[PDB]
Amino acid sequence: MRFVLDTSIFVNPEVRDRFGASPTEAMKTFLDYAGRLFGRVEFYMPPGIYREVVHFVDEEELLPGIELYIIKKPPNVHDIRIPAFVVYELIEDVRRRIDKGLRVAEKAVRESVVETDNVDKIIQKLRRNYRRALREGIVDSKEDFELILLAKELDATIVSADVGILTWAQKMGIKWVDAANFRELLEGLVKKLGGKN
């Protein structure tokens, strides 16, 4: 049994809280389950996803588990074929993520700026935040593709709280589970396989 993990159960405050009060504690709780399933169940992340979660998590404090129990593996691309509609999936993902980023970038400017600020100061704040929304929207959509393609090739279950990802997985015939229910699934996997829970 193989799982491909999105950032959700570690970095999304409304789902990672089922595992811990911080990303580091959430990861620690996850790794305790992953350790108890070592050799029976494998957990994968594309490298770009892993780099995002460990921006928030204390990697040094979670050795050896953080390196042994999460497999960092980019999907294979050479000689691999995918449905053509995947391109439309990626396009909607980019538009979905960028539109949200623009709102976030706008709301961020409207909290920092005061009516007395000059024109150039206002423009540089919006341009900076808009540029960040675009670049993050693009990388994250590519990372979404990596997750999908990795789980497809591994015949693994995707673990995410992102509705767009789960619908995309569904359409491609990829197994998935809602990340909000992942701890429940992990608890049931330990009980099905033995050992202290």
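Sequential numbering from 1, following the sequence displayed.
Between the stretches 110-118 and 74-82, it is 110-118 that shows the larger average CA temperature factor.
On average the C-alpha atoms of 22-30 have higher B-factors than those of the other stretch, with 22-30 and 158-166 being the two compared. Set against one another, the Cα B-factors of 138, 57, 41, 148 in the record reach their highest point at 57. Ranked against the other modelled residues of its chain, the C-alpha B-factor of residue 143 as given in the entry falls in the lowest third. Sorting the modelled residues of the chain by their CA temperature factor places residue 152 in the lowest third. Annotation for residue 184: C-alpha temperature factor in the highest third relative to the rest of the modelled chain, per the entry. Ranked by C-alpha B-factor against the other modelled residues of its chain, residue 99 falls in the highest third. Among all modelled residues in its chain, residue 172 ranks in the middle third by Cα B-factor.
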